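A.B. asks: Quick one: structure below, then a few questions.
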Amino acid sequence: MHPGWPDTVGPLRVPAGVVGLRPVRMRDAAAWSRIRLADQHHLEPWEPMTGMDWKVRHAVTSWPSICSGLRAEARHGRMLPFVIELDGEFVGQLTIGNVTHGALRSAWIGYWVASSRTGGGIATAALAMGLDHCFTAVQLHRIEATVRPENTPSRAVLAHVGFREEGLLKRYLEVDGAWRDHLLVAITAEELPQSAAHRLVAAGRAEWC
Ligand SMILES: CC(=O)SCCNC(=O)CCNC(=O)[C@H](O)C(C)(C)COP(=O)(O)OP(=O)(O)OC[C@H]1O[C@@H](n2cnc3c(N)ncnc32)[C@H](O)[C@@H]1OP(=O)(O)O
């Protein structure tokens, strides 16, 4: 029904510290709200529009309903909603979405990291260990991601792990007040001679931990 969920993933050491993944939970409300509120202008240009004011969307009281919905999707096997931890503390999220099995065995992957912790290899490590989990525990064959061509930092993260560009999706997602083109990138399990974590370690971008 939902292989590889729930689970913890990692840890991996990067310059910023020790990175792991674990399920969203109700007590994340305080840290999720504090960081998303404080990071509004770093996140809003790169996030799907919600049709809500940013500050009402990200109040502490908004989290239980969001967390409940994510876990409901997860127990139906359609999502894996992880929190990125740095040294045991909430610093972002890594979400595997639109999970299918059958003859497709594919999903998309998305992420964000608190701006004060960026440039330390966290998103790259989160993505690598998320991918490795999908290609083992979740029994998936393929992971895709969509990213605005303008989102040069996220494209760097995806390139670190080996994603291939597959297409350009015109007017794909409502972001920052308009329908924006998104690149489509992908990677399949048979493209990994080595795990994504192992690839990071060999490149000097992470260490075993
Ligand atoms: C598939 C998706 O989810 S698309 C949306 C991704 N999420 C967002 O854009 C939300 C807002 N931004 C963020 O959350 C973060 O800034 C992220 C997720 C993009 C990056 O998180 P980080 O922890 O800093 O990533 P990490 O350190 O592993 O790699 C970032 C790399 O991009 C580099 N980089 C940063 N800014 C730029 C830039 N303007 N141009 C080129 N490279 C850049 C960084 O230096 C780093 O590469 P390096 O170590 O070789 O120098």
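Naming works like this for the structure tokens: A, B, ... for the chains as they're shown, residue 1 at the start of each chain, ligands 1 onward in shown order.
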At a cut-off of 7 Å, using only C-alpha atoms, what residues contact region 182-198 of chain A? Leave out same-chain residues fewer than 5 positions from it and give the result as a list in words.
C.D. replies: residues 128, 129, 132, 135, 141, 142, 143, 144, 145, 146, 147, 148, 149, 161, 163, 164, 165, 166, 167, 168, 169, 170 and 172 of chain A
A.B. asks: Tell me which protein, DNA and RNA residues are within 6 Å of residue 107 (chain A), counting only C-alpha atoms, leaving out same-chain ones fewer than 3 positions away, and put them as number ranges by chain.
C.D. replies: A: 97-99, 143
A.B. asks: With DSSP run on the backbone, what are the strand (DSSP E or B) residues within region 143-176 of chain A? I'd like them as JSON, numbers by chain.
C.D. replies: {"A": [143, 144, 145, 146, 147, 164, 165, 166, 167, 168, 169, 170, 171, 172, 173, 174, 175]}
A.B. asks: Extract, using only C-alpha atoms, all DNA, RNA and protein residues at most 9 Å from residue 59 (chain A), discarding same-chain residues fewer than 3 positions from it, and format them as a list in words.
C.D. replies: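 Skipping anything fewer than 3 positions along the chain leaves residues 29, 30, 33, 34, 37, 54, 55, 56, 62 and 63 of chain A.
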A.B. asks: Go ahead and write the residues just picked, N, CA, C and O atoms, as a short mmCIF file (atom, residue, chain, number, x, y, z; two decimals), in the first residue's frame.
C.D. replies:
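The new file part24.cif reads:
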```cif
data_model
loop_
_atom_site.label_atom_id
_atom_site.label_comp_id
_atom_site.auth_asym_id
_atom_site.auth_seq_id
_atom_site.Cartn_x
_atom_site.Cartn_y
_atom_site.Cartn_z
N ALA A 29 4.77 22.29 14.14
CA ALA A 29 4.03 23.51 13.84
C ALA A 29 4.84 24.76 14.16
O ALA A 29 4.87 25.71 13.35
N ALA A 30 5.50 24.79 15.32
CA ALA A 30 6.18 26.00 15.75
C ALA A 30 7.35 26.33 14.83
O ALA A 30 7.53 27.48 14.42
N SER A 33 6.18 27.13 11.10
CA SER A 33 5.60 28.47 11.01
C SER A 33 6.67 29.54 11.15
O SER A 33 6.68 30.52 10.40
N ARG A 34 7.56 29.39 12.13
CA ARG A 34 8.59 30.40 12.35
C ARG A 34 9.47 30.57 11.11
O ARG A 34 9.74 31.69 10.68
N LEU A 37 7.41 31.83 7.86
CA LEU A 37 7.10 33.25 8.00
C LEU A 37 8.35 34.10 7.77
O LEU A 37 8.33 35.05 6.98
N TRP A 54 0.15 35.02 2.77
CA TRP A 54 1.27 34.20 3.23
C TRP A 54 1.26 34.04 4.75
O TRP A 54 1.58 32.96 5.27
N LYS A 55 0.90 35.10 5.48
CA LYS A 55 0.95 35.03 6.94
C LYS A 55 -0.23 34.26 7.54
O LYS A 55 -0.06 33.59 8.56
N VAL A 56 -1.42 34.32 6.93
CA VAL A 56 -2.50 33.46 7.42
C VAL A 56 -2.23 32.00 7.05
O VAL A 56 -2.56 31.08 7.82
N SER A 62 -2.30 26.77 11.43
CA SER A 62 -2.56 26.17 10.13
C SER A 62 -1.93 24.79 9.97
O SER A 62 -2.36 24.03 9.09
N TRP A 63 -0.94 24.45 10.80
CA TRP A 63 -0.16 23.24 10.54
C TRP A 63 -0.95 21.96 10.75
O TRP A 63 -0.83 21.04 9.91
#
```
A.B. asks: Determine the nearest neighbour of residue 31 (chain A) from the options A:67, A:200, A:43, A:60, counting only C-alpha atoms.
C.D. replies: A:60
A.B. asks: Based on DSSP run over this structure's backbone, return all residues of region 5-72 of chain A in alpha helix (DSSP H), as an MDAnalysis selection string.
C.D. replies: chainID A and resid 29:38 40:43 54:57 63:72
A.B. asks: Nearest residue to residue 81 (chain A) out of A:126, A:175, A:24, A:206, using only C-alpha atoms?
C.D. replies: A:24
A.B. asks: Taking only C-alpha atoms and all ligand atoms into account, name the residue in A:205, A:133, A:105, A:78 that is nearest to ligand 1.
C.D. replies: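 Nearest candidate to ligand 1 out of A:205, A:133, A:105, A:78: A:205.
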A.B. asks: For the atom pair atom 19 (C, counted along the ligand's line) of ligand 1 and CA of residue 179 (chain A), what is the interatomic distance in Å to one decimal place?
C.D. replies: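 Computed distance, atom 19 (C, counted along the ligand's line) of ligand 1 to CA of residue 179 (chain A), equals 19.8 Å.
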A.B. asks: Check the smallest atom-to-atom distance from each of A:11, A:4, A:45, A:20 to residue 173 (chain A) using only C-alpha atoms, then report the winner.
C.D. replies: A:45
A.B. asks: In Å, how far is it from CA of residue 38 (chain A) to CA of residue 108 (chain A)?
C.D. replies: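 We find that CA of residue 38 (chain A) and CA of residue 108 (chain A) lie 26.8 Å from each other.
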A.B. asks: Residues within 8 Å of residue 86 (chain A), please, as a PyMOL selection string. Count only C-alpha atoms; anything in the same chain fewer than 6 positions from it doesn't count.
C.D. replies: chain A and resi 16-20+122
A.B. asks: Any chance you can output those residues with C-alpha atoms as a PDB file, in the first residue's frame?
C.D. replies:
```pdb
ATOM      1  CA  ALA A  16      26.362  22.495   7.258  1.00  0.00           C
ATOM      2  CA  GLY A  17      26.194  19.482   9.594  1.00  0.00           C
ATOM      3  CA  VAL A  18      24.380  16.150   9.898  1.00  0.00           C
ATOM      4  CA  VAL A  19      21.366  15.766   7.582  1.00  0.00           C
ATOM      5  CA  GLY A  20      18.523  13.259   7.814  1.00  0.00           C
ATOM      6  CA  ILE A 122      21.738  20.357   2.817  1.00  0.00           C
TER       7      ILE A 122
END
```
